[PDB]
């Protein structure tokens, strides 16, 4: 458990008004409606968030995979094995605060709401 990632988890759970986890599980999970979002440090000093979508095809996918003004705009790919849709974003922990971590989470959730 690296210190930056633990501080990021604490600040996010404070922004979400949730108790900060006490067991140093590397990958955490938050249920935002039907969206099972996963937080991890991958790579080191990088907060990665990703959720899984239902279905395989998507006619609004490659446009979602175009860069935007928001670096937290989630990328839409598929599971390596299997073919489940996947939404994921990532930020450098060394440049974040609480608000930007919360923004990363809410961007992932908003994209999961829009797609497909």
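Positions refer to the first chain, counted from 1.
Just going by the entry, 15 to 23 versus 92 to 100 on mean CA temperature factor gives the higher value to 15 to 23.
Higher mean CA temperature factor, per the PDB entry, when comparing 31 to 39 with 48 to 56: 48 to 56. In the deposited entry, the Cα temperature factor of residue 115 places it in the highest third of its chain's modelled residues. Ranked within its chain, residue 61 lands in the highest third, by CA B factor from the PDB record. Compared with the other modelled residues of the chain, the Cα B-factor recorded for residue 83 ranks in the highest third. When the modelled residues of the chain are ordered by C-alpha B-factor, residue 8 sits in the lowest third.
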